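> For reference, the structure I am asking about is given below.
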Amino acid sequence: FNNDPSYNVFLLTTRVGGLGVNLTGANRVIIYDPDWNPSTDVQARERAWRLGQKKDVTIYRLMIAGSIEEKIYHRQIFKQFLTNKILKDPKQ
DNA sequence: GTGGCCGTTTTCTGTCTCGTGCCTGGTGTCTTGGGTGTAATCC
Numbered sequence: 725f726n727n728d729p730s731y732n733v734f735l736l737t738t739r740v741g742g743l744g745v746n747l748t749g750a751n752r753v754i755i756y757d758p759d760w761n762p763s764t765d766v767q768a769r770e771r772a773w774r775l776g777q778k779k780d781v782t783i784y785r786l787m788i789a790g791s792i793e794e795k796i797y798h799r800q801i802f803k804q805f806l807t808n809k810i811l812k813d814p815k816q
């Protein structure tokens with residue numbers, strides 16, 4: 725994927741992929757389905773947002789409004805707050 | 001390219017009987033009195 729001008733897109737199923745695979749070639753990212761682990765998505769974004777990435781990277785989240793996606797996304801935001809007030813400011 | 005297992009995400013009238021309890025008829029065991037009995041003592 726990195727060393728070929730063709731082979732533009734490829735699906736990854738971000739459970740198996742994210743162990744540290746180097747995919748700096750990517751610049752755009754599409755998230756299709758929200759996951760349960762709030763962590764599995766940071767490695768997913770890091771599949772194109774490696775340290776010192778060559779070009780700007782963007783994330784497009786898919787979210788079905790008025791569905792379980794709403795509950796999961798709010799849950800993930802709450803989980804981010806959990807690790808973002810325990811380690812940032814316990815007054816939040 | 002074969003699978004093993006763990007790891008993971010969330011919070012039926014009808015009639016009868018069997019038994020017995022209660023009512024009743026009998027029956028025990030007794031208490032009172034009433035007379036019979038003895039006492040007895042006036043004179």
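Its first residue numbered 725, the first sequence is counted upward by one per residue in the deposited numbering.
The beta-carbon is built from N, C-alpha and C at its ideal position, and this holds for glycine as well.
1. Can you tell me where the alpha helix (DSSP H) holding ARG774 begins and where it ends?
2. On the criterion of 16 or more Cβ atoms from any shown chain inside 10 Å, does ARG752 qualify as buried, or is it exposed?
3. What does DSSP give as the partner residues of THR782 in its beta bridges?
4. What's the gap between the Cα of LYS809 and the Cα of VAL740?
5. Express the C-alpha separation of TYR756 and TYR797 in angstroms, rounding to a whole number.
6. Using DSSP with H/G/I as helix, E/B as strand and the rest coil, what is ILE810?
7. Given a threshold of 16 other Cβ atoms within 10 Å of its Cβ, counted over all protein chains shown, does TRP760 qualify as buried or as exposed?
Looking at the coordinates:
1. Within the first sequence, residue 774 is the residue found at index 50, counting from 1. That residue, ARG774, is in no alpha helix (DSSP H); it is neither H nor E in DSSP.
2. On the first sequence, position 28 is the one that residue 752 refers to. Exposed: under 16 other Cβ atoms inside 10 Å.
3. Along the first sequence, one-based indexing puts residue 782 at 58. Bridge partners of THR782: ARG752.
4. Residue numbering aside, residue 809 sits at position 85 when the first sequence is read from its first letter. Residue numbering aside, residue 740 sits at position 16 when the first sequence is read from its first letter. Going from the Cα of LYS809 to the Cα of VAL740 covers about 30 Å.
5. Translated into positions along the first sequence, residue 797 becomes position 73. Translated into positions along the first sequence, residue 756 becomes position 32. Taking the straight line joining both Cα atoms gives about 13 Å.
6. Start at 1 with the first residue of the first sequence, and residue 810 comes out as number 86. Correct three-state label for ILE810: coil.
7. As a first step, residue 760 must be located in the first sequence, where it is residue number 36. Exposed, since its Cβ has fewer than 16 Cβ neighbours within 10 Å.
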